[PDB]
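Colleague: My questions all concern the structure below.
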Amino acid sequence: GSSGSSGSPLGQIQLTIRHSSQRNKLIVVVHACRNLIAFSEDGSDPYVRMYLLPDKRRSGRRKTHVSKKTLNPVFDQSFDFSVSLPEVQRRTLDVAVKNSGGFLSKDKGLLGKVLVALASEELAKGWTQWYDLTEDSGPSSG
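Take a look at the structure:
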């Protein structure tokens with residue numbers, strides 16, 4: 005280990021995950037994000053991306069609105085996906101918050117991303133917490 009940054013400079017995000025066994029669906033609410041560094045003070049366009057791993061098909065892509073001229077975007081929206089617990093369990097919810105600044109850049113510019121394990125049993129009830137975004141460097145157990 006090496007001494008470096010102290011805290012979560014990339015940013016964080018709060019998502020309420022709750023999978024009902026009766027409805028066999030996966031509900032995910034995107035309250036809002038904070039501490040989202042901008043590639044340029046001028047203004048960045050932060051946005052949350054939700055993907056049901058492993059499947060990454062570019063068809064079921066479910067994301068929230070893209071706020072402009074702001075670092076702390078707010079959507080407070082709620083999504084849903086018809087998936088049985090048996091599956092969602094061995095699956096993962098790829099949640100990455102990048103900036104849609106495709107203007108004179110030619111890159112996605114990853115600001116921050118965090119993975120969540122839906123292999124929990126306390127999903128029916130649901131929980132709320134701030135997932136501290138981290139760098140790409142990480143295991144992809146899809």
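Those letters in the sequence shown? Residues 5 to 146, by my numbering.
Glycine included, each C-beta is placed from N, C-alpha and C at the ideal position.
Straight-line CA distance for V87 to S12?
Modeller: Going by the C-alpha atoms only, they are around 32 Å apart.
Colleague: Which whole-angstrom value describes the C-beta separation of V92 and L122, a residue pair presumed to lie in contact below a C-beta threshold of 8 Å?
Modeller: The pair is a contact, with the Cβ atoms about 5 Å apart (cut-off 8 Å).
Colleague: For the alpha helix (DSSP H) containing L89, list its first residue and its last residue.
Modeller: Looking at the DSSP string, the run of the alpha helix (DSSP H) that includes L89 is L89 to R94.
Colleague: At what residues does the beta strand (DSSP E) containing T132 begin and finish?
Modeller: Note, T132: premise wrong, no beta strand (DSSP E); not H, not E.
Colleague: Pick from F107, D59 and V78: whose alpha carbon is nearest that of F85?
Modeller: Closest by alpha carbon: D59.
Colleague: Do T20 and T132 have their CB atoms nearer than 7 Å?
Modeller: Taking 7 Å as the Cβ cut-off, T20 and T132 qualify as a contacting pair.
Colleague: Under three-state DSSP, which class holds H35?
Modeller: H35 falls in the strand class under three-state DSSP.
Colleague: Given this structure, state the Cα-to-Cα distance separating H69 from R53, to the nearest angstrom.
Modeller: C-alpha separation (whole angstroms): 10 Å.
Colleague: Counting only runs of 3+ residues fully inside the segment 13-93, write out the beta strand (DSSP E) ranges in chain order.
Modeller: List check, beta strand (DSSP E) in window: 16-24, 29-38, 50-57 and 78-85.
Colleague: Would you mind working out which of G130, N103 and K102 sits nearest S25, comparing C-alpha positions?
Modeller: When each option's Cα is compared against that of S25, the closest is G130.
Colleague: Among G5, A42, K102 and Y51, which residue has its Cα nearest to the Cα of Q81?
Modeller: Closest option to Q81, Cα to Cα, is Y51.
Colleague: By alpha-carbon positions, which one of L30, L115, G8 and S109 ends up nearest to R66?
Modeller: Looking at the Cα atoms, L30 is the closest of the given residues.
Colleague: Within its chain, find whatever has a CB closer than 6 Å to the CB of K73; leave out the 5 residues flanking it on each side and keep chain order.
Modeller: Cβ neighbours of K73 beyond the five flanking positions: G47.
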